[PDB]
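One chain is shown next in C-alpha cells, namely the form deposited in one PDB entry.
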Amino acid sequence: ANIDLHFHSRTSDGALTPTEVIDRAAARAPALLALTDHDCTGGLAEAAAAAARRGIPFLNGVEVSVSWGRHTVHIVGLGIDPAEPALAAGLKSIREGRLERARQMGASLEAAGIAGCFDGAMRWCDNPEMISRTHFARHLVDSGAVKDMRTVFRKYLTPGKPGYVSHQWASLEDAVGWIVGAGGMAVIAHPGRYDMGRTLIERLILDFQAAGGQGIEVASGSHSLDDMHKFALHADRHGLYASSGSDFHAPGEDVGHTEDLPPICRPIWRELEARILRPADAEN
C-alpha cells in the first residue's frame, strides 16, 4: 500500500527534517502521508508545504505519549488542527519534563559507568525540549558504546536498566480528548509493541473508545504479519478504523509505504477525507 500515516522528523526524534522525510517518502509515489511527531506539531506546516509541492495529499498528525496504568502507550491523532488551543497546551504540558528527565537519564548512565550520554544525545537533537531516548540510543551506537539500536534498549533506557527514568505522560482521556477536540481522529499506535495479551488490549481498546477513540494501527513497521492479523480482529470486534504507518525514524533504524491492510479492515483514511490537505488549492 502507498499510504503512510506514521513517521517522525527532526522536530522530535526522526533523523530527517520535515521536508526531507516527505521528499524521501515521495520517491515511493505515495497517495497519502501523515507526519506524526512525538508530543509536538512543530513540523506540520513545513511537511504540508513539502507534500503539496510534490503533489501528495497530506494529513496533519501527531503522536501523544500516554501513561495508562503501568503502561506507556502512544495515541496518534490524524486530521487535527494543530492550532487548537487545548491540544497545543496539552502537547506543551507533556513536553515540560523531557529535558529534566533527559539530564537524569544522562546522570543515571554515568553512575553506571557510561559518561557523557546527555551531551552526546543532545548532538543528535535539534530541539532540546524534545530530547528523547532515541537520541540517547543514536549516541550510544555512534560513540561505539553499543552495537546497534535494538541492543541499546535491551541493555539500557528501559525499566530495570541504567538510563531509564520512570515518567508519567498524558492520561488516555486527555490525549484522545485533545485530538478529538482538534477535529481529528484518535488512533492507538503500533499496539504490537506493548507488553499485553488479548485481555489488556481489549481493556485498552474499551477505555480508548470510552474516551472518544476511533482507530488503531493495524499495518505497522513494528508489526509482524501475525500482529497485523490479530489487531485487524481486535479492530473488527470493536468497530475501529484501521490505520497504517511505517513508523519511520531514520534510514537503517522505510517511509511512504505500508503493508496492504487485511480485507476485513475499514481503512481510516476513508473517514479522514474532509481533513485531507489536497495539493490543489481549489480542492481545499
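Heads up: residue numbers just count along the shown sequence, starting at 1.
- Going from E253 to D254, the model skips 1 to 3 deposited residues, which lack coordinates.
- Stretches 158-166 and 74-82 differ in mean CA B factor, with 158-166 having the higher one.
- Of the two stretches examined, 1-9 and 275-283, the record assigns the greater average C-alpha temperature factor to 275-283.
- The entry lists C-alpha B-factors for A102, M149, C117, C125, and the highest of these is at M149.
- Across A186, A107, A145, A211, the greatest Cα temperature factor reported in the deposited entry is at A145.
- Placement of the Cα temperature factor of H229 within the chain: highest third of the modelled residues, per the deposited record.
- In this PDB entry, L204 carries a Cα temperature factor that places it within the lowest third of its chain's modelled residues.
- Compared with the other modelled residues of the chain, the Cα B-factor recorded for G192 ranks in the middle third.
- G181: CA B factor lies in the lowest third for its chain, per the PDB record.
- Sort the modelled residues of the chain by CA B factor and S222 lands in the highest third.
From this point on, the text means the form solved in complex with a small molecule, which you will not see here.
- Remark: of stretches 106-114, 130-138, 181-189, 77-85, the one touching the small molecule in the deposited complex is 130-138 (heavy atom within 4.5 Å).
- Using a 4.5 Å cutoff between non-hydrogen atoms, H223 does not count as a contact of the small molecule in the deposited complex.
- Interface membership of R101, defined by any non-hydrogen atom within 4.5 Å of the small molecule in the deposited complex, is confirmed.
- Using a 4.5 angstroms limit between non-hydrogen atoms, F153 touches the small molecule in the deposited complex.
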